[PDB]
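Before any comments, here is the structure.
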Amino acid sequence: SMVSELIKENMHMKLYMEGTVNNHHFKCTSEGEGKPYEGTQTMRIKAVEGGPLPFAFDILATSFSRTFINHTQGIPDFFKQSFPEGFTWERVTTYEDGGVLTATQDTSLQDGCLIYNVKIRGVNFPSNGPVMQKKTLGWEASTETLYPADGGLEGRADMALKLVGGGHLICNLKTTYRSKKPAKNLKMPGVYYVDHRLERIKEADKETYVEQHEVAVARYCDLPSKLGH
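Per PDB author numbering: the sequence shown = residues -1 to 62, 66 to 230.
Structure below.
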């Protein structure tokens, strides 16, 4: 495992988020910490404008952290290598009942603290669906597939949202990750997988306060190969 000198064993983060969902404007802020090489992180999140949010907070949860993924098996770490400049990500999440949420994020490092700035736009969430009715109960774990494209990385995942009464609502995540460091200074990974488990620990007051935890690991497929891979 390669160590990037700026990314320490313990790191703190601060986040600002603004956006609109179904034309409802909001802002959130958060602060947290984690162990970047162990793959673990916690965020404590406040809705500071537009609360109580009229939509399930669950649809924002993936928009609050690539530095905190445990890279195993010598996979080059596109994210940790990107400091001090940092990196960006742009995502479109498509829900099977029509809701679409886009998010664009900047990650920087300022005085040793990771800083996140996120913009969100959600449209077409059905008024009768479980997001706008706030009838969701968190995410299942997921596996994201990552692969190089044109100097950056592309990521793909299907995520399963638990519903009140049982059942799931599925969404598809398409993400473009881009380093702010020049290509010559990055060792690029090939195809690899990130296993994620994002769990809500605490909440208060119609989700205006949320504490979330995630563990995440970058790995190859551990199945045998008939081709030597």
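Ideal Cβ placement from N, Cα and C applies to all residues, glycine included.
### Query
Could you give the distance in angstroms between the alpha-carbon of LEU147 and the alpha-carbon of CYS222?
As a first step, residue 147 is located in the sequence shown; it is residue number 146 there, counting from the start. As a first step, residue 222 is located in the sequence shown; it is residue number 221 there, counting from the start. Taking the straight line from one Cα to the other gives about 12 Å.
### Query
Per DSSP, what kind of secondary structure is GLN82 in: helix, strand or coil?
Residue numbering aside, residue 82 sits at position 81 when the sequence shown is read from its first letter. In the displayed model, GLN82 falls within a helix according to three-state DSSP.
### Message
So within the stretch 142 to 202, which uninterrupted beta strand (DSSP E) runs reach at least 3 residues, ignoring any that extend past its ends?
### Response
Every beta strand (DSSP E) of 3 residues or more that sits fully in the stretch 142 to 202 is shown, in chain order, as 143 to 150, 153 to 164 and 169 to 180.
### Task
Would you mind sorting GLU208 into buried or exposed? The rule is 16 or more other CB atoms within 10 Å of its CB.
In the sequence shown, counting from the first residue as 1, residue 208 sits at position 207. By the 10 Å Cβ count, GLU208 comes out buried.
### Task
Spatial neighbours of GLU141 within its chain, please: CB distance less than 6 Å, with the 5 preceding and 5 following residues excluded, ordered by chain position.
Within the sequence shown, the letter at position 140 stands for residue 141. So the list reads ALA161, once near-sequence residues are dropped.
#### Entry: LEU102 in three-state terms, based on DSSP
As a working mapping, residue 102 is identified with position 101 in the sequence shown. DSSP places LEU102 in strand when its eight states are reduced to three.
### Message
So if DSSP puts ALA217 in a beta bridge, which residue, or which two residues, is it bridged to?
### Response
Here the question's residue 217 lines up with position 216 in the sequence shown. In DSSP, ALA217 forms a bridge with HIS197.
### Query
Do the CB positions of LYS188 and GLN82 come within less than 8 Å of each other?
In the sequence shown, residue 188 corresponds to position 187, counting from 1. In the sequence shown, residue 82 corresponds to position 81, counting from 1. Their beta carbons are under 8 Å apart, which means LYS188 touches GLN82 by this criterion.
### Query
Do the CB positions of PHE69 and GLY32 come within less than 8 Å of each other?
Indexing the sequence shown from 1 puts residue 69 at position 68. Indexing the sequence shown from 1 puts residue 32 at position 34. Yes, they are a contact pair.
### Task
Measure the CB-CB distance between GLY37 and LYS120 and report whether it falls below 8 Å.
The residue labelled residue 37 in the question sits at position 39 within the sequence shown. The residue labelled residue 120 in the question sits at position 119 within the sequence shown. Not a contact, by the Cβ cut-off of 8 Å.
### Query
Within 10 angstroms of its Cβ, does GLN111 collect 16 or more other Cβ (buried), or is it exposed?
Here residue 111 is taken as the residue at index 110 of the sequence shown, counted from 1. By the C-beta density criterion, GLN111 is exposed, having fewer than 16 other C-beta atoms within 10 angstroms.
### Query
Quick one: is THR94 buried, meaning 16 or more other Cβ sit within 10 Å of its Cβ, or exposed?
Here residue 94 refers to the residue found at position 93 when the sequence shown is read from its first residue. Buried, by the Cβ-count rule.
### Query
At a cut-off of 7 Å, is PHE84 close to the ligand SAM when judged by its beta-carbon and the heavy atoms of the ligand?
What this structure holds is no ligand at all, so the ligand SAM is not there to describe.
#### Entry: Cβ neighbours of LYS175 in the same chain (closer than 7 Å, five flanking residues each side left out)
Within the sequence shown, numbered from 1, the residue matching residue 175 stands at position 174. Closer than 7 Å at the Cβ level, and outside the excluded window around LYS175, lie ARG92, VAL93 and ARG157.
### Cβ neighbours of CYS26 in the same chain (closer than 6 Å, five flanking residues each side left out)
Position 28 of the sequence shown, counting from 1, holds the residue named residue 26. Closer than 6 Å at the Cβ level, and outside the excluded window around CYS26, lie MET15, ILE43 and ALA45.
### Task
Give the C-beta separation of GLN213 and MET11 to the nearest angstrom, bearing in mind that I take them to be a contact with Cβ-Cβ under 8 Å.
Along the sequence shown, read from residue 1 onward, the residue named residue 213 stands at position 212. Along the sequence shown, read from residue 1 onward, the residue named residue 11 stands at position 13. Contact between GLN213 and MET11 does not hold, since their C-beta atoms are separated by about 12 Å, which reaches or exceeds 8 Å.
### Query
For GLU86, which option in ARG179, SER(-1) and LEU138 has the closest C-alpha, if you only look at C-alpha atoms?
As a working mapping, residue 86 is identified with position 85 in the sequence shown. Ranking the options by Cα distance to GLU86, first place goes to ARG179.
### Query
Going along the chain, which residues of its own chain have a beta-carbon closer than 6 Å to the beta-carbon of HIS197, five neighbours each way excluded?
Residue 197 sits at position 196 when you count from the first residue of the sequence shown. The residues are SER143 and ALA217.
#### Entry: Local conformation of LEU115 per DSSP, three classes
Counting from one through the sequence shown, the residue named residue 115 turns up at place 114. In the structure shown, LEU115 sits in a strand (DSSP, three-state: E or B).
### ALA59 - DSSP class collapsed to helix/strand/coil
Taking the sequence shown and counting its residues from 1, the one referred to as residue 59 is at position 61. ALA59 falls in the helix class under three-state DSSP.
### Spatially closest choice to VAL192 from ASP56, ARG220 and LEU102, by CA coordinates
To locate residue 192, count along the sequence shown from 1; it is residue 191. The candidate whose alpha carbon is nearest that of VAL192 is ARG220.
### Query
Who are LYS6's beta bridge partners in DSSP?
Reading the sequence shown from its first residue, position 8 is the one you call residue 6. DSSP output for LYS6 lists no bridge partner at all.
### Task
Give the single residue among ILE76, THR89 and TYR210 whose Cα lies nearest to the Cα of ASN118.
One-based indexing of the sequence shown puts residue 118 at position 117. Sorting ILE76, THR89 and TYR210 by C-alpha distance to the C-alpha of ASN118 places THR89 at the top.
### Query
Nearest-angstrom Cα distance between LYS136 and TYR96?
By 1-based counting over the sequence shown, the position of residue 136 is 135. By 1-based counting over the sequence shown, the position of residue 96 is 95. Going by C-alpha positions, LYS136 is about 15 Å away from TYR96.
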